[PDB]
There are 2 protein chains.
Amino acid sequence: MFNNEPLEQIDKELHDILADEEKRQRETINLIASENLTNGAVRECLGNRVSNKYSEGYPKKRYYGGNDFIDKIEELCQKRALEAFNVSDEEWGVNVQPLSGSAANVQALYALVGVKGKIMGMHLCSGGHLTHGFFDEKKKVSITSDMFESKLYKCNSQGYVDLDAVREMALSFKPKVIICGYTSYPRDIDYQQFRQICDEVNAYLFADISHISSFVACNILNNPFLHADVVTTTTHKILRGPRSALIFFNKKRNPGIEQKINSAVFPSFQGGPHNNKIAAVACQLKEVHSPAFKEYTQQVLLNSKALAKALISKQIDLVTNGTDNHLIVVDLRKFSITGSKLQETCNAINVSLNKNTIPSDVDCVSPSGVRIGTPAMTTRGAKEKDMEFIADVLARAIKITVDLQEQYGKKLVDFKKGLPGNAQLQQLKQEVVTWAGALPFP
Amino acid sequence: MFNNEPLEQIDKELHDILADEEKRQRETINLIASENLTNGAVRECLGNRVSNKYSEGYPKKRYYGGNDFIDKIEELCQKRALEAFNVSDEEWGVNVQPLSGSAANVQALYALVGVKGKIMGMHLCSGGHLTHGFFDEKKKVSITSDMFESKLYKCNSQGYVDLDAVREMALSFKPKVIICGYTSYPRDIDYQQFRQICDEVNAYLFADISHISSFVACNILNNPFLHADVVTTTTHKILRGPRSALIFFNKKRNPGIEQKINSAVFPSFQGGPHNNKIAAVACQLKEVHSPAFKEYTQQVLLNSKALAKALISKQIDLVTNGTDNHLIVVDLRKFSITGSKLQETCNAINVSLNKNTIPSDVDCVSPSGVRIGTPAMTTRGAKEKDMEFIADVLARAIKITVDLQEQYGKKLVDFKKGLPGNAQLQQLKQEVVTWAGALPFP
Ligand SMILES: COCc1ccc(-c2cc(C#N)cc([C@@]3(C(C)C)C(C#N)=C(N)Oc4n[nH]c(C)c43)c2)s1
Ligand SMILES: COCc1ccc(-c2cc(C#N)cc([C@@]3(C(C)C)C(C#N)=C(N)Oc4n[nH]c(C)c43)c2)s1
Ligand SMILES: Cc1ncc(COP(=O)(O)O)c(CNCC(=O)O)c1O
Ligand SMILES: Cc1ncc(COP(=O)(O)O)c(CNCC(=O)O)c1O
Ligand SMILES: [Cl-]
């Protein structure tokens, strides 16, 4: 008693937009640092009937019948997660049920500190996440600043984490958790240094490695598992998995953390797991552990180094003057333009990026930077040689932006008036589409 | 620079379990009240590349470029959501980003009351959800009992919502929110009555209709939208959508609630939306509004009435002695067995259900009932005549459970010893598989 017609026949309106979205994807230079493109295997999992199952609880301890195969799927995922990060299942445990990074982080923090608990995070303007305790004067923007008491450490004027400031703050504030690992931080992390600071104030060490997860797995960047109590990561970014998250806990450093973390995920916060996610994560995790994915990850950094190099060669300023990973933040101050305007210009030419703050910024709405990343284009087979081209495309977008600000003015509404029908933008978009459309598309 | 081998070739281990799960689903009599089976169209959406996109914020108000088609999909979902529940976009608004029912509820509650805020909900043992403020004497089981201050109302010994008790509690406790609409409540709800109590005490009216959403939409049961400030519902249950949730808010009753709810979903709790979810919800909502889905929803109740009738004819006791909806709770006390045991026995025969508490219950690990539901089997084309068979199968499982308890004992571990190889169970499972395996399967 159901309709079985395929999507095209059953919902032609929706299918058209999705075909449109697909085309836009195929024809964009995607520089969103947090984006990637999943393979068919991961999407076959997301589309699977395994999402039919209600399976509240944990494997072997469900609140429903019919969970025999779901248990195998949940355990294989946990297995592959611990494998992927080269941690012994004896020392480290993992929860594979958080629906997304924001959820995982809120869950993990509560497990560690509870309501009104004290937490320390990097500020949003400095590269930190919303879920790292963010608030402004006016409002408690994230729940992490409301259900928890938070204080926020800023990076220095150069854009690097100031460990001195971190220690200064920890000794006065006395938090139960300190969060490191970031959303738009272009440099590696001194985890050991964080560990020594946490030890001084009897605080937990929280490493959110969502952006840099593939580097950690493939042993290309610092390994937070050597020092961290809790490691979170999303699966949809550099890891190239589906949209989901993982919570890792050091059982050996903290006995009874397993129960604490697991009870926080369920039944404190979530209900039924999304088993299609868990299946998809499992699939990607197998791939994460291969020598071939290590190659992909290496190429991500090769590409990011080259892109930084080529942008510098064109007189563009970068926060920290380079990168240790997949991501770059461009400081646009010398051009007297905003990230907001550069975002609109880049969208008009099919270049995906986002506006981003820099250390000197005081404005969340009008930032002085854009953030770019290589994981998506690296997935699409782009190499170091291709980076000069992206660098050139961005330079030209910056120039065009300066011109349009000259013609139409500083107001964002006024500025957008110049984008449609602009001859150079049309020429640039076509230039973008031609190269982007030809690249391998999973 | 990726792998494009299909799931079968890329990950054979995982593909086998999924095919195993698919086989089990096809050959199970699914009586889990919160379960359904999605069509291929909904699964093509969950599998779509649209999940590649990061689109934090709201349509037209994104924090990333290249969201032109993502905006159309998020808007068409809001459009179809309000359409399906027969509400005007001028009076009612909706958020389509909550990832699941538990998140949406925590999100919606925070919006209304904030941290330390006061809320009222039905007790878990009485039929209410975890996210309705549930706590134990020992522990604050749900975050809804911890980040909020909660009180819990119990149904009477007959299993009906006791409005006297609700009012008595509301006048003393003075909550800011009162929650109605439930997880395992077999009767319709007097929303008007709740509204009168909420008015008296200046409390918001919260109706969580996840279990009964299709009834509300198709105007087969009481409409909470006539009276409620906030309406939440998951999409994966009787709605037969993907795993996601919706928050509805009455703008006419509460100006400024839109910003409150929207900011609570993001950036208070979540980060990037799951666009494949939104696409899938949109697709199912078109179907919800059709006269053909009204037919399906009618069948669900016709089947649930019949099944209740047939169980009573076999001397099985029901909570409230019947049903107003898709769900029944069987009181097993007269048989001196637990739901836990009946759940294992039913799993052994390919009958999916869950153990459920009853009003006299004081125990959560071992309850005195099972909960059953018709949405899945109705989806599979089963009619009123088919219900006698399901009733017969359950009666037979109950008997086998009494026998096995006599032989092996009251300990759950001891009891399970008797399940494998049992000739009657093998006979019953085969009877189950034959009939279920031949039913239409989306
Ligand atoms: C309405 O509350 C104030 C805000 C919520 C999110 C804000 C935000 C603004 C900007 C800018 N420009 C950038 C961000 C960024 C980037 C990555 C997009 C951002 C930056 N820069 C950082 N550090 O973390 C984030 N988490 N989520 C989002 C959307 C961000 C966040 S401002
Ligand atoms: C951590 O200990 C406290 C608990 C968490 C879940 C508990 C629970 C036990 C039983 C039993 N028997 C039943 C439930 C039910 C049913 C639908 C399965 C349940 C019941 N009965 C109700 N009312 O709501 C629920 N939300 N989530 C779950 C799993 C439930 C929940 S008790
Ligand atoms: C470090 C970090 N942690 C958690 C999250 C949250 O994940 P969800 O959005 O899946 O909830 C993000 C999102 N990052 C925003 C970006 O870099 O584009 C992040 O950068
Ligand atoms: C009334 C109600 N509200 C919210 C939820 C939460 O949904 P998620 O599991 O998607 O977070 C449930 C789950 N229902 C459990 C059951 O009836 O089987 C529910 O029954
Ligand atoms: Cl999903």
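All heavy atoms count here, side chains included; hydrogens, waters and symmetry mates do not. Below, read A as the first sequence line, B as the second, and so on, with proteins coming before strands; counting in each chain starts at 1.
A salt bridge links B:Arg80 with A:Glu13: the distance from a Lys NZ or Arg NE/NH1/NH2 to an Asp or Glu carboxylate oxygen falls below 4.0 Å. Salt-bridge annotation for A:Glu74 and A:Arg62: present, with a side-chain N of the basic residue lying under 4.0 Å from a carboxylate O of the acidic one. Between B:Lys79 and B:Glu83 no salt bridge is recorded (no basic side-chain N to carboxylate O distance below 4.0 Å).
With sequence neighbours excluded, the residues forming a salt bridge (charged side-chain N to carboxylate O under 4.0 Å, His left out) with A:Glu21 are A:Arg24, listed by chain and number. In this view, B:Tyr110 and B:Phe269 satisfy the ring-ring contact (aromatic ring centres under 6.0 Å, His included) rule, not counting sequence neighbours. Partners of A:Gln270 under the side-chain contact (heavy atoms from CB on, under 4.5 Å) rule, at least two apart in sequence or in another chain, are A:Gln97, A:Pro98, A:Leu99, A:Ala103, A:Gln107, A:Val265. Contacts of B:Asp89 classified as side-chain hydrogen bond (donor to acceptor under 3.5 Å, both in side chains), with partners at least two apart in sequence or in another chain: none. Not counting sequence neighbours, the partners of A:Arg43 by the side-chain hydrogen bond (donor to acceptor under 3.5 Å, both in side chains) test are A:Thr38. For B:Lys260, there are no salt bridge (charged side-chain N to carboxylate O under 4.0 Å, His left out) partners at least two apart in sequence or on another chain. Residues passing the side-chain hydrogen bond (donor to acceptor under 3.5 Å, both in side chains) test with B:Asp20, sequence neighbours excluded: none. For B:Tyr58, the ring-ring contact (aromatic ring centres under 6.0 Å, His included) test picks out no residue, with sequence neighbours left out. Partners of A:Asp68 under the salt bridge (charged side-chain N to carboxylate O under 4.0 Å, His left out) rule, at least two apart in sequence or in another chain, do not exist in this structure. Residues that satisfy the side-chain contact (heavy atoms from CB on, under 4.5 Å) test with B:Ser213, not counting sequence neighbours, are B:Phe85, B:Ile209, B:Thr233, B:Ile238, B:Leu239. Residues that satisfy the ring-ring contact (aromatic ring centres under 6.0 Å, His included) test with B:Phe249, not counting sequence neighbours, are absent from this structure.
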Residues 216-227 of chain B side chain polar contacts: donor-acceptor under 3.5 Å, at least two apart:
from, atom 1, to, atom 2, distance (Å)
B:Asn222, ND2, B:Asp188, OD2, 3.1
B:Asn222, ND2, B:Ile189, O, 2.7

Apply ring-ring contact (aromatic ring centres under 6.0 Å, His included) to residues B:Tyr191 and B:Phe194 and explain how you reach the verdict. CA-CA 5 Å; B:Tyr191 306 100; B:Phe194 275 100; 7.6 Å; no
